[PDB]
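The block underneath contains the structure these notes are about, expressed in structure tokens.
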Amino acid sequence: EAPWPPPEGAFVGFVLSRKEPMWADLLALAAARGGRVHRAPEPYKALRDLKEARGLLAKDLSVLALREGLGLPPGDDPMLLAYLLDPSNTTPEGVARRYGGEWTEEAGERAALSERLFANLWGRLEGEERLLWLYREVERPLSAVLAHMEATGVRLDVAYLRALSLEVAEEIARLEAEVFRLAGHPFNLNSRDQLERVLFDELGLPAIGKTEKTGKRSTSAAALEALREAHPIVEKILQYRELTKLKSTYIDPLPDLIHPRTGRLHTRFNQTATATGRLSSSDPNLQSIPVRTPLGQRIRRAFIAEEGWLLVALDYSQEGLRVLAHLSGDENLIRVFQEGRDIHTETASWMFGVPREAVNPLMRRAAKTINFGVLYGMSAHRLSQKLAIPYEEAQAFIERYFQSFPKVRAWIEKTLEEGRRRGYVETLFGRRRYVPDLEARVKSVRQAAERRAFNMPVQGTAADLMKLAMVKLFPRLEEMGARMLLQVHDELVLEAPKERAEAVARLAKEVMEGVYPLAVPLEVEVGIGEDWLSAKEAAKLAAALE
DNA sequence: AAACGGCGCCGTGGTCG
DNA sequence: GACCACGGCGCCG
């Protein structure tokens, strides 16, 4: 239609050989301005003719550009506009179908669609001053940060993981043999069907749980938990489950994903994938790397700094409860955080009517259960189960909780009232989620929706704050010669030359804690290490002084 | 805490061959 | 035999 190159401000369209930009061949590149499409004769060379990537999935093209040594930032992307209007807008195909046009497999058509959808979606954002603020001050600049994170990747200790694989392989084989013995015949332990036979037919154990959909007897951790003490075969299966889980999902796959050009591992940070405004991570998911068990901790050790560099790990402490304090205005919850006290200890002190010094471990763990339970509307029935106490004693506990934090109850009631009346809920900054079924006739469907309504404002506000912090911090890091590697919702992992790592840590803390004024301080824990686990361990050791 | 809701491995039954 | 969609199960915050 028109020869390459396009005029200024053109929208890009592109086709990759695969979805993962760090691995993909750029097959086709095109640009549209005024409905006129320019197709590139040779895509890679044609990248140099763009000042920025403006278009659907602009970040993905920016990542591939960075891989080829080219500093092409992402700009406007209609996906971000659509996501802000309605976070159920998660794919170009779905956005096209809903808002107009069609997502095809041809670069030129993708360029024209990008240009048209941008104008369509921009139009619908007129007068939406808070969404526009989020677009301009958070999402659009974040896309550039995410591009540098994905293209940088993270260094992995492959030999450590090769070794760890062997070690765990041995333990798996042991457990398998010990289980087969107790079964009196071999089978596939990985098969939940075979296992459901063995456990509940052959060995005749009690099955108290059902699967979610198939209506079968569950072999889940929850279903089997109460059979654990009395039945060692169960104990061995759960051990086998954990090891095979971590080996098959993490220990074995990750070494094979090291990139030949970078020597590093590259994830994707999906910016329009969640209903709450959180990022997600995929290919692989580096926001689900094990950490909680002994073996999980050992996997975290595999994530290492470049030679001469250190990882910096930063963590917003109790970000959900601090957000709740701000959103609710509950003066008692605000006071806790203002005074630097331990929310779970303080809750327990009032719950059990003891001075904070007399709070014992059982009391704190109950208060902690209650504290997080309030984020899902404070169910009395679910409280009775987790603490293993009469339903009526659960109700009493809840009443006692709301006596000390009455504006949290107020916030709960208000969130649901507005949700019911307006049809959506929102974060502090005005990110919006439409939540149906808040007046559903079926109690289970209704309550499930209520839990979504409470979730999104808290988790979504925390996401908005972390995103804004990333946007603020990233240029500062660039100046100091440091990198931003991972985000795990309330956590950031940076990488800095070892001599500057301490200053990077101090700067990052300050930016994150000062990101935005709330009724309470944001507290950020910070650790420095040669691997991800050491860095997190260091954060705790430092927290004592700090 | 893991309650929501992200993402990924696994085995299974159906389908085409 | 090769391939796929579906759902069990469970990692993380």
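Throughout, protein chains are lettered first and strands after them, A, B, ... in sequence-line order, and every chain is numbered starting at 1.
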Residues A/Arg264 and A/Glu495 bridged, charged N to O under 4.0 Å:
yes
Mind listing the closest non-hydrogen atom pair of A/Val511 and A/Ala469 along with its distance?
CG1-O, 4.0 Å
North or south sugar at B/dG14, going by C1'-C2'-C3'-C4' (positive north, negative south)?
south
The sugar pucker of C/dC12, read from the sign of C1'-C2'-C3'-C4' where positive is north and negative south, is north
Does the plane of the ring in A/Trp532 sit parallel, tilted or perpendicular to the ring in A/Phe303? Use 30° and 60° as the thresholds.
perpendicular
Quick check on side chain to side chain donor-acceptor pair (under 3.5 Å): which of A/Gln318, A/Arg356, A/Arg364 does A/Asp342 satisfy it with?
A/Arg364
Rounded distance in Å between the P positions of B/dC7 and B/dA2
22 Å
Any base atoms under 4.0 Å from A/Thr219, or only sugar-phosphate, or nothing? Heavy atoms, all strands.
sugar-phosphate
A/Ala221 near the nucleic acid: base, sugar-phosphate alone, or nothing, with a heavy-atom cut-off under 4.0 Å?
sugar-phosphate
For B/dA3, take OP1 and OP2 only and decide whether either is under 4.0 Å from a side-chain N or O of A/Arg451.
no
Hey, does the side chain of A/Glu513 reach the backbone of A/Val524 with a donor-acceptor pair shorter than 3.5 angstrom?
yes
Would you mind classifying the nucleic acid contact of A/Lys216 as base, sugar-phosphate or nothing, using non-hydrogen atoms under 4.0 angstrom?
nothing
Residues which pass side-chain hydrogen bond (donor to acceptor under 3.5 Å, both in side chains) with A/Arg341, listed by chain and number, not counting sequence neighbours
A/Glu339
Is A/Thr244 touching bases, backbone alone, or none of the nucleic acid, heavy atoms closer than 4.0 Å?
nothing
Do A/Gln403 and A/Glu399 meet the criterion of a side-chain donor-acceptor pair at a distance under 3.5 Å?
no
Geometric class of the A/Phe352/A/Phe397 ring pair [parallel <30°, tilted 30-60°, perpendicular >60°]
perpendicular
Give one of base, sugar-phosphate or nothing for A/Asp283, where a contact means two heavy atoms less than 4.0 Å apart.
sugar-phosphate
Using whole Å, what does the distance between atom P of nucleotide B/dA1 and atom CZ of A/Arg365 come to?
9 Å
Can you pull every protein N or O that's under 3.5 Å from an N or O on nucleotides 10-14 of chain B?
residue : atom : partner  : partner atom : Å
B/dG11  : OP1  : A/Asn188 : ND2          : 3.1
B/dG11  : OP1  : A/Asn190 : OD1          : 3.4
B/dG11  : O3'  : A/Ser191 : OG           : 3.1
B/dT12  : OP1  : A/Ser191 : OG           : 2.6
B/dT12  : OP1  : A/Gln194 : NE2          : 3.4

Can you see whether A/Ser384 engages A/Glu393 through a side-chain donor-acceptor pair at a distance of less than 3.5 angstrom?
no
Under 4.0 Å, counting only non-hydrogen atoms across every strand here, what does A/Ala273 touch: a base, just sugar-phosphate, or nothing?
sugar-phosphate
Is A/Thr369 touching bases, backbone alone, or none of the nucleic acid, heavy atoms closer than 4.0 Å?
base
Secondary-structure stems for DNA chain B, with pairs counted as Watson-Crick or G-U when both distances are under 3.5 Å and runs at least 3 long:
B:4-16 with C:1-13
Residues forming a ring-ring contact (aromatic ring centres under 6.0 Å, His included) with A/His344, sequence neighbours excluded:
A/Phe372
So, are A/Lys509 and A/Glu525 salt-bridged, with charged N and O less than 4.0 Å apart?
no
Nucleotide interval of DNA chain C bounded by contacts with chain A (heavy-atom cut-off, under 4.0 Å):
C/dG7 to C/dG13
So, does A/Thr461 use its side chain to make a donor-acceptor pair with the main chain of A/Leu428 at under 3.5 Å?
yes
Among residues 287-302 of chain A, which residues get a heavy atom nearer than 4.0 Å to DNA chain C?
A/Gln287, A/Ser288, A/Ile289, A/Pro290, A/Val291, A/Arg292, A/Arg300
Taking for each residue the nucleotide of DNA chain B with the nearest heavy atom, is it A/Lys368 or A/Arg452 whose nucleotide lies nearer the 5' end?
A/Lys368
Under the 3.5 angstrom rule, does the side chain of A/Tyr240 hit a backbone N or O of A/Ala173 as a donor-acceptor pair?
no
Do the rings of A/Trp411 and A/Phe454 sit parallel, tilted or perpendicular, given the 30° and 60° boundaries?
tilted
Applying a 4.0 Å non-hydrogen cut-off, can you work out what A/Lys245 is touching in the nucleic acid: base, sugar-phosphate, or nothing?
base
